[PDB]
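Coming up is one lone chain in structure tokens, specifically the form deposited in one PDB entry.
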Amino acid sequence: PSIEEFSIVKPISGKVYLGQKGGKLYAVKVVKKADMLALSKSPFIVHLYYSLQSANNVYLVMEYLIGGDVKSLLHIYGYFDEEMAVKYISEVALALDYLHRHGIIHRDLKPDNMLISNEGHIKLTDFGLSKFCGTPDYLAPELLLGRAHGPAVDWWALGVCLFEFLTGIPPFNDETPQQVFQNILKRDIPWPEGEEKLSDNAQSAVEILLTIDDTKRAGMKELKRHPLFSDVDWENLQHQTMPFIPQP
């Protein structure tokens, strides 16, 4: 496995490039060696292939997902209806539980980091393969206060993503980041009113996921037994049909 055997096609976007070998496409993220392994094979995690290290740079070869991220798809859709948001949130929750069972706290969950499989499924990344800094829309209250802080933070972020999937804008999103920090520490959740109202089960899930109390917050077991996820076949989730499929 040589690094020069990857014809760099297009830059994806701390930089990722679309490389090519024998017809196969790959997402190669570059990390400068100044900053600076273990395989995690899971249906809801971006599969990593190689970790080639050249002169003064380290290269990460991962599978290429043409579906993009969930933030862009959310901007196209404006917002997801309930069943799409619950499917996506379910898959992200299985990824989170797989990550916690391996001793990993994702610490940076957001729609930017959720990639879309060719069959419509969700794969997480930027959890240890790649990673204070704004935006603080997805940080838990215990993160702002500078305290410890365990894996429950990953679920708080989930409660944000859920809300963001259902309404369109994140709940604690506001003008300046200080105002956002206030909205988080005060837990001012701008519930939609009128005909755009959230269902009681959705409101319950967003409430139990966004609890200020670290030890009273929701986890994998809480969502499993939650009325919003009672239609979820957890033991066989990577074979459900997804509302959006990327092509070509």
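Start at 1 with the first residue shown and count on from there. Take the two forms, superpose them, and find the largest set of C-alpha atoms that agree within 1.5 Å; that set is the rigid core.
Where residue 131 is followed by residue 132 in the displayed chain, the model omits 10 or more of the deposited residues that sit between the two.
The modelled chain is continuous from residue 230 to residue 231, with every intervening residue of the deposited sequence accounted for.
Higher mean CA B-factor, judged across 181-189 and 27-35 from the recorded values: 27-35. The mean C-alpha temperature factor is higher for 169-177 when 169-177 and 93-101 are set side by side.
Sorting 208, 60, 223, 46 by the CA temperature factor given in the entry leaves 60 at the top. Among the modelled residues of its chain, residue 204 has a C-alpha B-factor that falls in the lowest third, as given in the PDB entry. When the modelled residues of the chain are ordered by their C-alpha B factor, residue 77 lands in the middle third. In the deposited entry, the Cα temperature factor of residue 135 places it in the highest third of its chain's modelled residues.
Just so it is clear, the following notes concern the form deposited in another entry, a form of the same protein that is not shown.
57 is the only residue from 182, 203, 57, 211 whose Cα shifts by 2 Å or more between the shown form and the other one, the rigid core being superposed.
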